[PDB]
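Asker: Mind looking over this structure? Questions follow.
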Amino acid sequence: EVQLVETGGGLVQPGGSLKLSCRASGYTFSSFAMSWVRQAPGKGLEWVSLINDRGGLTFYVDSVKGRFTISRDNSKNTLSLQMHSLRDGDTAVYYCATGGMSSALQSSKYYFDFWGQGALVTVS
Amino acid sequence: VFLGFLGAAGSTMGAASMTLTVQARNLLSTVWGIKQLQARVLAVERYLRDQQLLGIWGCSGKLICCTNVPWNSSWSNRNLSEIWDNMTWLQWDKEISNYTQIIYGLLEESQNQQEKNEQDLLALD
Amino acid sequence: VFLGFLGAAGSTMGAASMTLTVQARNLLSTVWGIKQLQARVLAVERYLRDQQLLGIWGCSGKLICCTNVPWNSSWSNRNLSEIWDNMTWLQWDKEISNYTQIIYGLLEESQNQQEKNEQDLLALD
Amino acid sequence: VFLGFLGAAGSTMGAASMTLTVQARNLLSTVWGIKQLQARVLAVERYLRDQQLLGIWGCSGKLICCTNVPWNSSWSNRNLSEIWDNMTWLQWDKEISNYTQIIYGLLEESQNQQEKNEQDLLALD
Amino acid sequence: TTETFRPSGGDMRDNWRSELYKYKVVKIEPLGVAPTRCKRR
Amino acid sequence: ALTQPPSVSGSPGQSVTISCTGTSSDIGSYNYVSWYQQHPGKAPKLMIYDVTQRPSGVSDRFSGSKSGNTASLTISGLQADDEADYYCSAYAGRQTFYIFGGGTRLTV
Ligand SMILES: *[C@@H]1O[C@H](CO)[C@@H](O)[C@H](O)[C@H]1NC(C)=O
Ligand SMILES: *[C@@H]1O[C@H](CO)[C@@H](O)[C@H](O)[C@H]1NC(C)=O
Ligand SMILES: *[C@@H]1O[C@H](CO)[C@@H](O)[C@H](O)[C@H]1NC(C)=O
Ligand SMILES: *[C@@H]1O[C@H](CO)[C@@H](O)[C@H](O)[C@H]1NC(C)=O
Ligand SMILES: *[C@@H]1O[C@H](CO)[C@@H](O)[C@H](O)[C@H]1NC(C)=O
Ligand SMILES: *[C@@H]1O[C@H](CO)[C@@H](O)[C@H](O)[C@H]1NC(C)=O
Ligand SMILES: *[C@@H]1O[C@H](CO)[C@@H](O)[C@H](O)[C@H]1NC(C)=O
Ligand SMILES: *[C@@H]1O[C@H](CO)[C@@H](O)[C@H](O)[C@H]1NC(C)=O
Ligand SMILES: *[C@@H]1O[C@H](CO)[C@@H](O)[C@H](O)[C@H]1NC(C)=O
Ligand SMILES: *[C@@H]1O[C@H](CO)[C@@H](O)[C@H](O)[C@H]1NC(C)=O
Ligand SMILES: *[C@@H]1O[C@H](CO)[C@@H](O)[C@H](O)[C@H]1NC(C)=O
Ligand SMILES: *[C@@H]1O[C@H](CO)[C@@H](O)[C@H](O)[C@H]1NC(C)=O
C-alpha cells in the first residue's frame, strides 16, 4: 500500500541546478526518516542523503555535502532534494526511500524500508 | 556584595554586560518574623523562576547565552552600534518590553525543545 | 502558566515528551500566613531536590537527558513501541515504581561519578 | 540520605573526593512554626548561594569542576601527594582559609567572564 | 420488607463534602525514567 | 564501498550464496547489514535488514548471516523469478552512513 513517486528529473547542463520531489502515500510520512540513494547508469547503488522524521537533521555524502540540500514538508507529504552545481559524475537515477534512521524512541531502522521508482537526472 | 551594584545602569549595554555577576550576586539573599520571611521566600522564588527560564532555553549556568532564534526586525530595527554603544539596558528594556513574551516563547516553544530532540536523535546514531 | 498543564497525561509517552516545559513551569510557584508559607517553602524544597538529582546525574539544565546506564530487562521487557507509542507515563510510572531507587542509584552511584573522574583525568593530559 | 554522611571527613582528600554526592544530598532539606521555617528557608538560601557561585565559575551542575586559574604557590606550596594522599579536607580548609576570597575572585572576576566573552566571540565567526 | 429513613444532623463534613466530592488533590511527580536508544557521548 | 563478487550463479532448486566483504569499521562493527534485490529496469526491493531479519512479504528462502567482517545472503531453492542484481549495504557510523557494495547479477 506504500507508494513513493519521484518527479522533477531531466537533462541539465554542467554547473546547473535541479530540484527533485518525492511524493508519498500509504503510511504516516512524519513517522519515518527519508533518504535519497542514486545509481549511475552503469554502477550500483550509492547513498546520497538522509533526513530525519522531523526534517531537522540532514546528512550527506562528502561528494555532495556542500552542493545538495535535503528537505521535507510533512503537511504535504513531500520530500525534496535541491541539487546545486551539478557535475557530470551526478548523472544517475535518484530514488527516494523510506528508512535509514529513526527516533531514539523508535526501533532502529538502519535500512531502506520502502523505495520509489526513481527520477532520472542527466548532466550534459 | 553591594559593591558596584547597578553602577553600570547608566552605562551602555556593551559596557554594562561586563558587570553581570555584580547584579547577579545581589539577587539572592510574631508578625515581624513572618512578613520578612515571606520576602525571603519570595526572593528565592523569583530567583528560581528566572533560573527555571534560563534552563528551559539551554542557557543554564550561563550569564551570557546564545541561541538559534533569529532577531526579528519587527521587534527592533536599531543597529549594533545603536544598541551596545549608544544605548543603556533601561532604554532597551523599555523599547523591547512589548516583545519579551514573544521572544521568550521562541526561546522555549521553538528552539531548545527542537535542539533537545535533535540531540536525542543524534545520540542514537 | 496553567495552559496545557497535564493535558498530555492521557497521551502516549512519546507524545507526552514534547510538553515537558508545560508541567515544568507549573512546579515552581497569623497562622494563615505560616501554613501557606510552609507550602511555598515545601514547593521550593521539592523543586530543588529534583534539581539536585538531575545535577548529580549529568542532566543539569536539561529536560531530556541521556546517560551510559544500560536498561536492564529485569526492570521492564516491553519494546519501544509498547512504551512510547502504546503506553502513558502514568502506566509506565506504575510499572517501574519498584525500580526507581535502583536506577537512580545507577545514575548517581555508578555513572556520572565515573564520568566526572574520567573527565578530570582526560583534562590533565 | 544520612548514610555515609561525613564518613570521609577523616579520610584523605583523594579518598574523600569520591563521596561528594553523600554530603551534597544532606545539604538540602505559632512561634515553633516560624523558627524552624526560617531554618528551612536559611538552608535553601545557603544551598542556592553555593549554587550561585558554582554557576558564576563555569562549574554549574558539577561536583568536580576544573578551570584555567593557575594555582599560586603563595597560597600553598605542598605537593600533590601531601594534599590528596596525606591530608584531609578539614586540614586543607584550615590551611587555605586565608586565600578563599582571593581564589573565588579569580574564579569569578578573571576567568569565566573572559571565557564567556571568548565563547561569545568564537560563536560569531 | 420495609426501610425507614430519618433526617440526621451528621457532622459539618457533610455539607462541604457534597461540594468537594468531585475534587481530588494530587502531587506532581515530574521526574521519570524510561528506555530509549539515546546514549550519552 | 563494500567488496562483493560479480556474476554469481546457481541452478534451479539449488542453494547459492552471495558474499559481501567489508572492513572492521562497518560490517564488523555494527549488526546493520541489509540486502536488496533489484530487477533490471526497476527500483531495488528490500530483502534483508539488520543481519538475519526479513521484511513481511519476503519469502523465507532468503537467509542472511554474518561472520567477522563478511556478510552473506543464502538463497535456497532458486526460482526463475529470482534472477536479479543483488546489493549489500552496511551502516558505517556518523561521519558516513551507508556503504554499498557492487551488484551481483544472479542468474538461474
Ligand atoms: C556617562 O556618560 C559619559 C559621557 O557623557 C561617559 O564618559 C561615562 O563613562 C558615563 N558613565 C558611565 C558610568 O558609563
Ligand atoms: C516578525 O514579526 C512579524 C509581526 O510583527 C511577523 O509577521 C514576521 O513573520 C516575523 N518574522 C519572522 C521571521 O517570523
Ligand atoms: C545605523 O547605521 C547607519 C549607517 O551609519 C546610520 O545612518 C544610522 O543612523 C544607524 N542607526 C539606525 C537608526 O539605523
Ligand atoms: C507597546 O504597546 C503599547 C500598546 O499596548 C504602545 O502604546 C506602546 O507605545 C508600545 N511600545 C513600543 C516601544 O512599541
Ligand atoms: C486519546 O486516545 C485517542 C485514541 O483512542 C487518541 O486519538 C487521542 O489523541 C488521545 N488523546 C490524547 C490527548 O492524546
Ligand atoms: C538486572 O537485574 C537483575 C536482578 O533482577 C540482576 O541480577 C542483573 O545483574 C541486572 N543486570 C545487569 C546488567 O546488571
Ligand atoms: C514487541 O514486538 C513484538 C514483535 O512485533 C510483538 O510480538 C510484541 O507483542 C511486542 N511487545 C512485547 C510484549 O514485547
Ligand atoms: C512491586 O513490588 C510489590 C511487592 O513489594 C508487588 O506486589 C508489586 O506487584 C510489584 N509491582 C511490579 C510492577 O512489579
Ligand atoms: C584512618 O587512618 C588509617 C591509617 O592510620 C587508614 O587506614 C584508615 O582508612 C583511615 N580511615 C578512613 C575512614 O579513611
Ligand atoms: C601569588 O601571590 C602573590 C602575593 O602573595 C602575588 O604577588 C603573585 O603575583 C601571585 N602570583 C600570580 C601568578 O599572580
Ligand atoms: C614533596 O616531595 C618531595 C620529594 O619527595 C619531598 O621531599 C617533600 O617532603 C614533599 N612535600 C613538601 C614539603 O614539599
Ligand atoms: C591567616 O592569617 C592570620 C592573620 O590574619 C594568621 O594569624 C594565620 O596564621 C594565617 N593562617 C595561615 C594558614 O596562613
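All Cβ positions, even for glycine, are placed from backbone atoms using ideal geometry, and neighbour counts span all protein chains on display. Only the coordinates and a few stated rules stand behind these numbers; no lab work does.
Asker: Starting from the range E:23-34, keep only residues that are closer than 16 Å to C:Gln91 by Cα, then list their pairs with residues that are among the acidic types (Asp, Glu) whose Cβ atoms are within a distance under 6 Å, requiring at least 6 positions of separation or different chains.
Answerer: E:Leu31/C:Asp50
Asker: Could you say whether any residue in the range D:35-56 is among the aromatic types (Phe, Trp, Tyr), surrounded by 12 or more Cβ atoms within 10 Å (Cβ to Cβ), within 16 Å of ligand 11 (Cβ to nearest atom) and over 18 Å from C:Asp120 (Cβ atoms)?
Answerer: From the range D:35-56, those among the aromatic types (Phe, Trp, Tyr) are D:47; that's our starting set.
Imposing the further condition that a residue be surrounded by 12 or more Cβ atoms within 10 Å (Cβ to Cβ) reduces the set to D:47.
When the remaining residues are screened for being within 16 Å of ligand 11 (Cβ to nearest atom), the result is none.
The answer is no, given that none of the residues of the range D:35-56 is among the aromatic types (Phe, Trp, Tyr), surrounded by 12 or more Cβ atoms within 10 Å (Cβ to Cβ), within 16 Å of ligand 11 (Cβ to nearest atom) and over 18 Å from C:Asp120 (Cβ atoms).
Asker: Still on this structure, I have one more. With the range A:38-103 as the region, which strands (runs of 3 or more DSSP E) entirely inside it contain at least 1 residues that are within 14 Å of chain F (Cβ to nearest Cβ) and under 28 Å from F:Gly103 (Cα atoms)?
Answerer: Values: elements: A:45-51, A:58-60, A:68-73, A:78-83, A:92-99.
Of the strands (runs of 3 or more DSSP E) lying wholly inside the range A:38-103, those with at least 1 residues that are within 14 Å of chain F (Cβ to nearest Cβ) and under 28 Å from F:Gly103 (Cα atoms) span A:45-51, A:58-60, A:68-73, A:92-99.
Asker: Determine which member of the set B:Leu121, B:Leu106 is within 14 Å of chain C (Cβ to nearest Cβ), more than 29 Å from A:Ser108 (Cα to Cα), away from ligand 6 (no atom under 16 Å from the Cβ) and surrounded by 13 or more Cβ atoms within 10 Å (Cβ to Cβ).
Answerer: Details: B:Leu121 fails: more than 29 Å from A:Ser108 (Cα to Cα).
Of the residues listed, the single one that is within 14 Å of chain C (Cβ to nearest Cβ), more than 29 Å from A:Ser108 (Cα to Cα), away from ligand 6 (no atom under 16 Å from the Cβ) and surrounded by 13 or more Cβ atoms within 10 Å (Cβ to Cβ) is B:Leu106.
Asker: Search the range B:64-85 for residues being surrounded by 14 or more Cβ atoms within 10 Å (Cβ to Cβ) and within 16 Å of ligand 1 (Cβ to nearest atom), and hand back the single one that is nearest to the other protein chains (Cβ to nearest Cβ).
Answerer: Restricting to residues being surrounded by 14 or more Cβ atoms within 10 Å (Cβ to Cβ) and within 16 Å of ligand 1 (Cβ to nearest atom), the top hit is B:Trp84.
Asker: Within the range E:6-25, can one find any residue that is within 14 Å of another protein chain (Cβ to nearest Cβ), part of a loop (DSSP other than H, G, I, E, B), within 30 Å of C:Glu115 (Cα to Cα) and charged (D, E, K, R)?
Answerer: There is no residue in the range E:6-25 that is within 14 Å of another protein chain (Cβ to nearest Cβ), part of a loop (DSSP other than H, G, I, E, B), within 30 Å of C:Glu115 (Cα to Cα) and charged (D, E, K, R).
Asker: Restricting attention to the range C:30-39, and to residues there that are in a helix (DSSP H, G or I) and facing chain D (nearest Cβ under 7 Å), which single residue is farthest from the chain's Cα centre (by Cα)?
Answerer: Of all residues in the range C:30-39, those in a helix (DSSP H, G or I) come to C:32-39.
Checking the rest, the ones that are also facing chain D (nearest Cβ under 7 Å) come to C:34, C:37-38.
Values: C:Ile34: 30, C:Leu37: 26, C:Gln38: 24 Å.
The residue in question is C:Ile34.
Asker: Something else: Restricting the search to the range C:40-63, which residues are aliphatic (A, V, I, L, M), farther than 14 Å from D:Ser29 by Cα and within 12 Å of chain B (Cβ to nearest Cβ)? Spell out the reasoning first.
Answerer: In the first step, residues of the range C:40-63 are kept if they are aliphatic (A, V, I, L, M); the result is C:41-44, C:48, C:53-54, C:56, C:63.
Filter again for farther than 14 Å from D:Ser29 by Cα, leaving C:54, C:56, C:63.
Result: C:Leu54, C:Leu63.
Asker: Can you spot a residue in the range D:50-61 that is within 13 Å of the chain's Cα centre (by Cα), farther than 29 Å from B:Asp50 by Cα, away from ligand 12 (no atom under 16 Å from the Cβ) and small (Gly, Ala, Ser)?
Answerer: There is no residue in the range D:50-61 that is within 13 Å of the chain's Cα centre (by Cα), farther than 29 Å from B:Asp50 by Cα, away from ligand 12 (no atom under 16 Å from the Cβ) and small (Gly, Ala, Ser).
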